[PDB]
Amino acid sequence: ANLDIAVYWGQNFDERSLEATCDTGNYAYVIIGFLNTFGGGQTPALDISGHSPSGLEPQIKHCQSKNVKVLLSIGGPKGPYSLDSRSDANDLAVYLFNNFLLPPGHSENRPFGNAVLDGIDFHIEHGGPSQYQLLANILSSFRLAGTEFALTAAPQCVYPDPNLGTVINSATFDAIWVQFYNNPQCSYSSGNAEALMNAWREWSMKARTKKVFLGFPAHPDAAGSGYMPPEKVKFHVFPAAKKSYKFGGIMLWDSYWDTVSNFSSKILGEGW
């Protein structure tokens, strides 16, 4: 096994804190969501469910000191975000670079203070491809300029993804976590994994990335559909998934629900 688990954080004001989330030892990646406001004349804004952005500075550092990678996710399930013009792609690329991916020059400007993030997560669920290809190109260019960080995406389970499909085809993403929930055509339902198993084969064969993660909801309440019990994921999915060269591990939506279900603890055998 030796499983890598990625988990989304920032979805509830009352959730287990980021540092306690990393201290669990269950995750290789923690993804903070969401920068859900940008483009269309709008100034970029975060919706991290009321957590203090400045307060996350020491927590992000602690998480990193324990070898947990911290990512910022742009877009999200909901939000007034859009990248319709070329200028919007350029503006957001420059803003993400200065304020999150580079060490501060002087600055009082940065939301997370002096924390330097390990990457950007594309969680685009509406708006089509737009200028997301251009945005990724500039971010990819900065990565080639010496600032080492990761670019990831969280597409829906139908391939190709209507919003990120063309961008994923450029092979720019280091890792992809496919959301195998909220869509019966490609996720687990009614004691039937057929739709899920066929979606997985397609993504692991066609997705032009080095690592593909399987995204599951940590709890029945966490998503409309697609919840699959831990004992079934290990029995059903892992044997066929670990046969793939592109198998990355699993992604969990989300930290708040995982704390309640203890889903990651069961899939690993309680670790630690």
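A residue's number is simply how far along the shown sequence it sits, counting from 1.
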Return whichever of 55-63 and 238-246 has the greater mean Cα B factor according to the PDB record. 238-246
Taking the deposited Cα B-factors and averaging over 103-111 and over 159-167, the higher mean is found in 103-111
Quick one: which of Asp121, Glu194, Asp118, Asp174 has the biggest Cα B-factor according to the entry? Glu194
Ranking the modelled residues of this chain by C-alpha B-factor as given in the entry, is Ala145 in the lowest, middle or highest third? highest
Can you work out whether the C-alpha temperature factor of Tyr81 puts it in the lowest, middle or highest third of the chain? middle
Per the entry's values, where does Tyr188 land by CA temperature factor relative to the rest of its chain, in the lowest, middle or highest third? highest
Relative to the other modelled residues of the same chain, rank the CA B-factor of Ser261 and answer lowest, middle or highest third. highest
Split the chain's modelled residues into thirds by Cα B-factor; is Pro220 in the lowest, middle or highest one? lowest
